[PDB]
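Visitor: This structure is in structure tokens; I'll ask about it shortly.
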Amino acid sequence: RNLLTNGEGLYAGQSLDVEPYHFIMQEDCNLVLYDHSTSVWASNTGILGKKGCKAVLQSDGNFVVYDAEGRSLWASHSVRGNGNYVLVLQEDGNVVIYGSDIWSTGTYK
Amino acid sequence: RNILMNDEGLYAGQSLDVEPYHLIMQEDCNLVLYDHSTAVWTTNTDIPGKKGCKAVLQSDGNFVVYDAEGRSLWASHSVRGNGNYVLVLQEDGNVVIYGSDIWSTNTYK
Ligand SMILES: OC[C@H]1O[C@@H](O)[C@@H](O)[C@@H](O)[C@@H]1O
Ligand SMILES: OC[C@H]1O[C@@H](O)[C@@H](O)[C@@H](O)[C@@H]1O
Ligand SMILES: OC[C@H]1O[C@H](O)[C@@H](O)[C@@H](O)[C@@H]1O
Ligand SMILES: OC[C@H]1O[C@H](O)[C@@H](O)[C@@H](O)[C@@H]1O
Ligand SMILES: OC[C@H]1O[C@H](O)[C@@H](O)[C@@H](O)[C@@H]1O
Ligand SMILES: OC[C@H]1O[C@H](O)[C@@H](O)[C@@H](O)[C@@H]1O
Ligand SMILES: OC[C@H]1O[C@H](O)[C@@H](O)[C@@H](O)[C@@H]1O
């Protein structure tokens with residue numbers, strides 16, 4: 001997987017992968033982007049033993065990490081209002097959240 | 001491949017594939033979306049005498065099918081100005097263009 005749409009997220013251990021790039025929600029609750037085994041970016045929210053966290057792209061365009069409970073720990077704070085958004089791990093090493101839908105075929109089944 | 005970014009395109013014979021869906025820029029210049037083997041969406045540009053067309057997501061948000069000579073055979077008319085856009089073939093069978101980045105890790109290489 002390389003992207004997340006409204007309501008989708010990464011549970012502890014889950015990740016997006018493209019080439020040697022890896023964006024993962026770890027069992028220490030740290031959200032990290034790796035090039036091979038080298039860490040490149042992180043939410044700096046890790047704590048050994050803090051398992052069960054979840055990262056989720058929401059309807060408001062906000063990407064949030066929650067704990068085993070449902071308490072927030074980190075967020076891009078990119079709330080822009082209800083709509084359709086997507087988070088993508090790009091081939092250029094960048095992780096991006098995109099505006100809202102501007103066009104579609106409308107062929108959802 | 002399941003997405004196109006600014007200025008990327010599908011050339012004759014190329015496609016985006018999120019089984020069972022297939023968005024293919026056919027040799028006959030017709031851009032078609034198939035569910036398994038059934039066509040469900042089309043640009044309706046299989047004009048006689050046309051060959052070597054390409055479908056490209058433009059920096060202005062517009063998605064347009066061009067003929068060998070660079071003529072506009074079809075467009076989504078989704079022009080929204082200059083920015084960053086991404087067209088994606090979703091697992092729900094829908095083809096969507098998400099308009100302009102609202103957040104990023106800023107980790108491009
Ligand atoms: O910042 C993220 C980006 O940084 C670059 O220097 C490389 O390490 C890439 O592999 C990575 O995607
Ligand atoms: O309309 C869908 C259908 O159109 C026809 O003209 C051809 O281009 C076929 O390849 C395509 O499946
Ligand atoms: O800075 C990145 C680094 O932060 C912490 O040390 C842990 O979450 C590691 O798993 C991670 O690689
Ligand atoms: O700070 C995190 C917080 O930001 C906003 O208030 C909303 O998007 C909430 O859903 C989210 O929990
Ligand atoms: O019209 C855009 C919107 O259509 C449907 O609701 C779904 O396919 C969404 O994923 C998509 O963002
Ligand atoms: O009508 C299609 C036409 O729309 C706009 O003018 C631009 O996006 C052009 O590049 C494109 O060819
Ligand atoms: O800042 C967002 C922007 O960053 C860079 O320019 C590229 O990775 C683009 O694809 C992305 O949309």
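Labeling convention for the structure tokens: chains A, B, ... as they appear, residues from 1 per chain, ligands from 1 in order of appearance.
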Need to verify the contact set: residue 78 of chain B, 12 Å, only C-alpha atoms, exclusion of same-chain residues closer than 3 positions in sequence. Can you return it as a PyMOL selection string?

Guide: (chain A and resi 101-105) or (chain B and resi 57-64+74-75+81-82+85+87+96-99)

Visitor: With a distance threshold of 12 Å and counting only C-alpha atoms, extract the residues of chain B near chain A and express them as a ChimeraX atom specification.

Guide: /B:1-5,18,20-21,23,32-35,39-43,57,60-63,75-81,83-109

Visitor: Kindly export the residues of the current selection with C-alpha atoms, as an mmCIF file, in the first residue's frame.

Guide:
```
data_model
loop_
_atom_site.group_PDB
_atom_site.id
_atom_site.type_symbol
_atom_site.label_atom_id
_atom_site.label_comp_id
_atom_site.auth_asym_id
_atom_site.auth_seq_id
_atom_site.Cartn_x
_atom_site.Cartn_y
_atom_site.Cartn_z
ATOM 1 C CA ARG B 1 0.963 1.639 -10.820
ATOM 2 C CA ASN B 2 -2.148 3.210 -9.266
ATOM 3 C CA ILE B 3 -1.533 6.974 -9.476
ATOM 4 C CA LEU B 4 -0.361 9.776 -11.754
ATOM 5 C CA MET B 5 1.241 12.946 -10.434
ATOM 6 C CA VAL B 18 -5.850 -1.990 -9.072
ATOM 7 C CA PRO B 20 -10.055 -5.907 -10.805
ATOM 8 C CA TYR B 21 -10.003 -2.344 -12.186
ATOM 9 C CA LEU B 23 -7.489 2.283 -16.550
ATOM 10 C CA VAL B 32 -11.083 3.223 -20.850
ATOM 11 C CA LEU B 33 -11.829 1.993 -17.331
ATOM 12 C CA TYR B 34 -12.650 -1.705 -17.091
ATOM 13 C CA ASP B 35 -14.130 -3.687 -14.211
ATOM 14 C CA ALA B 39 -15.916 -1.233 -19.797
ATOM 15 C CA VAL B 40 -17.577 1.094 -17.290
ATOM 16 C CA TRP B 41 -16.048 4.436 -18.199
ATOM 17 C CA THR B 42 -14.575 5.906 -21.352
ATOM 18 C CA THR B 43 -13.203 9.124 -22.746
ATOM 19 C CA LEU B 57 -2.494 14.889 -15.467
ATOM 20 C CA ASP B 60 -3.234 23.039 -13.488
ATOM 21 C CA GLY B 61 -5.419 20.180 -12.286
ATOM 22 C CA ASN B 62 -6.792 19.362 -15.713
ATOM 23 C CA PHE B 63 -6.664 15.766 -16.987
ATOM 24 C CA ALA B 75 -10.497 16.812 -20.938
ATOM 25 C CA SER B 76 -11.875 16.574 -17.401
ATOM 26 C CA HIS B 77 -12.119 20.363 -17.418
ATOM 27 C CA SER B 78 -10.852 20.219 -13.857
ATOM 28 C CA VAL B 79 -8.621 23.272 -14.172
ATOM 29 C CA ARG B 80 -8.061 24.848 -10.760
ATOM 30 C CA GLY B 81 -4.825 26.752 -11.222
ATOM 31 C CA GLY B 83 -0.398 23.395 -7.711
ATOM 32 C CA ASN B 84 0.206 19.729 -6.941
ATOM 33 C CA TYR B 85 -2.351 17.125 -7.942
ATOM 34 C CA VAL B 86 -2.698 13.390 -8.070
ATOM 35 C CA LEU B 87 -5.012 11.110 -9.996
ATOM 36 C CA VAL B 88 -5.621 7.709 -8.450
ATOM 37 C CA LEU B 89 -7.416 4.464 -9.307
ATOM 38 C CA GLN B 90 -9.045 3.593 -5.976
ATOM 39 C CA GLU B 91 -9.921 0.163 -4.625
ATOM 40 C CA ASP B 92 -13.586 1.141 -4.813
ATOM 41 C CA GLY B 93 -13.417 1.389 -8.604
ATOM 42 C CA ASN B 94 -13.499 5.186 -8.663
ATOM 43 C CA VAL B 95 -10.867 7.328 -10.463
ATOM 44 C CA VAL B 96 -10.169 10.502 -8.464
ATOM 45 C CA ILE B 97 -8.061 13.646 -8.827
ATOM 46 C CA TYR B 98 -7.106 15.093 -5.428
ATOM 47 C CA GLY B 99 -6.456 18.811 -5.651
ATOM 48 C CA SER B 100 -3.368 20.442 -4.200
ATOM 49 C CA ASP B 101 -1.266 19.486 -1.192
ATOM 50 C CA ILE B 102 -2.430 20.687 2.228
ATOM 51 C CA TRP B 103 0.426 19.107 4.206
ATOM 52 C CA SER B 104 3.685 17.194 3.818
ATOM 53 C CA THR B 105 6.661 15.831 5.733
ATOM 54 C CA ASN B 106 8.812 17.798 3.305
ATOM 55 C CA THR B 107 11.084 14.807 2.891
ATOM 56 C CA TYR B 108 11.563 14.741 -0.898
ATOM 57 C CA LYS B 109 14.948 13.668 -2.249
#
```

Visitor: Report as a short mmCIF file (atom, residue, chain, number, x, y, z; two decimals) with C-alpha atoms, in the first residue's frame all protein, DNA and RNA residues lying within 12 Å of segment 65-67 of chain A, evaluated on only C-alpha atoms, omitting residues in the same chain fewer than 3 positions from it.

Guide:
```
data_model
loop_
_atom_site.label_atom_id
_atom_site.label_comp_id
_atom_site.auth_asym_id
_atom_site.auth_seq_id
_atom_site.Cartn_x
_atom_site.Cartn_y
_atom_site.Cartn_z
CA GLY A 9 -5.17 4.25 8.87
CA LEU A 10 -2.13 2.32 10.04
CA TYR A 11 -2.42 0.15 13.16
CA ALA A 12 0.72 -0.67 15.17
CA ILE A 24 5.21 2.93 9.59
CA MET A 25 3.16 3.24 12.77
CA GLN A 26 5.47 1.42 15.24
CA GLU A 27 4.69 -0.46 18.47
CA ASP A 28 6.44 2.31 20.39
CA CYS A 29 3.84 4.74 19.02
CA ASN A 30 6.39 6.62 16.91
CA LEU A 31 5.39 7.39 13.28
CA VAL A 32 8.53 6.96 11.19
CA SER A 43 6.70 12.35 14.91
CA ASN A 44 9.05 11.97 17.91
CA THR A 45 6.21 10.44 19.89
CA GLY A 46 7.86 7.15 20.77
CA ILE A 47 7.87 5.45 24.17
CA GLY A 49 6.15 -0.28 25.44
CA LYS A 50 3.50 2.19 24.22
CA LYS A 51 1.81 -0.32 21.93
CA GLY A 52 -1.52 -0.19 20.11
CA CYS A 53 -1.35 3.30 18.59
CA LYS A 54 -3.13 4.18 15.32
CA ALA A 55 -2.55 6.75 12.58
CA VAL A 56 -5.65 7.88 10.62
CA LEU A 57 -6.37 10.33 7.76
CA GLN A 58 -9.68 11.94 8.71
CA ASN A 62 -6.26 15.95 9.62
CA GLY A 70 -8.40 7.08 21.57
CA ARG A 71 -6.41 9.98 22.91
CA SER A 72 -4.49 12.05 20.39
CA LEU A 73 -0.68 12.13 20.51
CA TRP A 74 0.28 13.90 17.32
CA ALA A 75 -1.43 15.48 14.34
CA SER A 76 -0.33 17.33 11.22
CA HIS A 77 -3.02 19.83 12.22
#
```

Visitor: So which residues touch residue 69 of chain B within 12 Å, counting only C-alpha atoms, skipping near sequence neighbours fewer than 3 positions away, as a short mmCIF file (atom, residue, chain, number, x, y, z; two decimals) with C-alpha atoms, in the first residue's frame?

Guide:
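Saved to out19.cif:
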```
data_model
loop_
_atom_site.label_atom_id
_atom_site.label_comp_id
_atom_site.auth_asym_id
_atom_site.auth_seq_id
_atom_site.Cartn_x
_atom_site.Cartn_y
_atom_site.Cartn_z
CA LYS B 50 -6.01 8.30 -34.42
CA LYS B 51 -3.09 6.48 -32.83
CA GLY B 52 -0.33 7.19 -30.30
CA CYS B 53 -2.41 9.31 -27.92
CA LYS B 54 -1.51 9.99 -24.30
CA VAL B 65 -6.16 13.11 -23.59
CA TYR B 66 -3.91 14.31 -26.42
CA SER B 72 -7.02 18.06 -27.07
CA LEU B 73 -9.23 15.10 -27.82
#
```

Visitor: Using only C-alpha atoms and all ligand atoms, can you tell me which of B:14, B:30, B:6, B:25 comes closest to ligand 6?

Guide: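 Closest candidate: B:6.
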
Visitor: Run DSSP on the backbone and give me the residues of segment 16-63 of chain B it puts in strand (DSSP E), as a short mmCIF file (atom, residue, chain, number, x, y, z; two decimals) with N, CA and C atoms, in the first residue's frame.

Guide:
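The resulting file, part_20.cif, is reproduced below:
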```
data_model
loop_
_atom_site.label_atom_id
_atom_site.label_comp_id
_atom_site.auth_asym_id
_atom_site.auth_seq_id
_atom_site.Cartn_x
_atom_site.Cartn_y
_atom_site.Cartn_z
N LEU B 16 -3.07 1.79 -15.37
CA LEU B 16 -3.02 1.86 -13.92
C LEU B 16 -3.80 0.59 -13.59
N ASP B 17 -3.33 -0.20 -12.64
CA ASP B 17 -4.02 -1.43 -12.33
C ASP B 17 -4.20 -1.72 -10.86
N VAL B 18 -5.46 -1.69 -10.44
CA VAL B 18 -5.85 -1.99 -9.07
C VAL B 18 -6.92 -3.06 -9.25
N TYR B 21 -9.90 -3.52 -11.32
CA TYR B 21 -10.00 -2.34 -12.19
C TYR B 21 -8.76 -2.06 -13.04
N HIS B 22 -8.98 -1.54 -14.24
CA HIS B 22 -7.88 -1.22 -15.16
C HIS B 22 -8.17 0.03 -15.97
N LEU B 23 -7.34 1.06 -15.78
CA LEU B 23 -7.49 2.28 -16.55
C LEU B 23 -6.39 2.22 -17.59
N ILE B 24 -6.79 2.02 -18.84
CA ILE B 24 -5.82 1.88 -19.92
C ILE B 24 -5.97 2.84 -21.10
N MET B 25 -4.85 3.42 -21.51
CA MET B 25 -4.80 4.32 -22.65
C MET B 25 -4.52 3.39 -23.83
N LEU B 31 -9.43 6.12 -23.96
CA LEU B 31 -9.04 5.91 -22.57
C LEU B 31 -10.21 5.18 -21.93
N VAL B 32 -9.98 3.97 -21.44
CA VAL B 32 -11.08 3.22 -20.85
C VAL B 32 -10.83 2.59 -19.49
N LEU B 33 -11.87 2.58 -18.67
CA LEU B 33 -11.83 1.99 -17.33
C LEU B 33 -12.64 0.70 -17.38
N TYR B 34 -11.98 -0.41 -17.09
CA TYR B 34 -12.65 -1.70 -17.09
C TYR B 34 -12.76 -2.29 -15.70
N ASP B 35 -13.88 -2.98 -15.46
CA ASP B 35 -14.13 -3.69 -14.21
C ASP B 35 -14.01 -5.12 -14.71
N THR B 38 -15.22 -5.74 -18.36
CA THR B 38 -16.30 -4.86 -18.79
C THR B 38 -15.94 -3.39 -18.70
N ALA B 39 -16.19 -2.66 -19.78
CA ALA B 39 -15.92 -1.23 -19.80
C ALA B 39 -17.01 -0.56 -18.97
N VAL B 40 -16.62 0.40 -18.14
CA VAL B 40 -17.58 1.09 -17.29
C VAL B 40 -17.44 2.60 -17.45
N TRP B 41 -16.30 3.02 -17.97
CA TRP B 41 -16.05 4.44 -18.20
C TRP B 41 -15.14 4.59 -19.42
N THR B 42 -15.37 5.66 -20.17
CA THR B 42 -14.57 5.91 -21.35
C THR B 42 -14.51 7.38 -21.67
N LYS B 54 -1.99 10.09 -25.67
CA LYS B 54 -1.51 9.99 -24.30
C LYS B 54 -2.44 10.74 -23.36
N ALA B 55 -2.63 10.19 -22.16
CA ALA B 55 -3.47 10.83 -21.14
C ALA B 55 -2.54 11.42 -20.09
N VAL B 56 -2.65 12.72 -19.82
CA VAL B 56 -1.76 13.34 -18.84
C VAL B 56 -2.41 14.26 -17.82
N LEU B 57 -2.01 14.07 -16.56
CA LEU B 57 -2.49 14.89 -15.47
C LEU B 57 -1.66 16.16 -15.53
N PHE B 63 -7.06 17.08 -16.50
CA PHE B 63 -6.66 15.77 -16.99
C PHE B 63 -7.10 15.72 -18.46
#
```

Visitor: Report the distance between atom 12 (O, counted along the ligand's line) of ligand 5 and atom CA of residue 44 of chain B in Å, rounded to one decimal place.

Guide: 23.5 Å

Visitor: Of the candidates A:83, A:22, A:39, A:59, which one gets nearest to ligand 4 if we count only C-alpha atoms and all ligand atoms?

Guide: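 Selected residue with least distance to ligand 4: A:59.
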
Visitor: Between atom 3 (C, counted along the ligand's line) of ligand 6 and atom CA of residue 49 of chain B, what is the distance, to one decimal in Å?

Guide: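 Between atom 3 (C, counted along the ligand's line) of ligand 6 and atom CA of residue 49 of chain B the gap is 21.9 Å.
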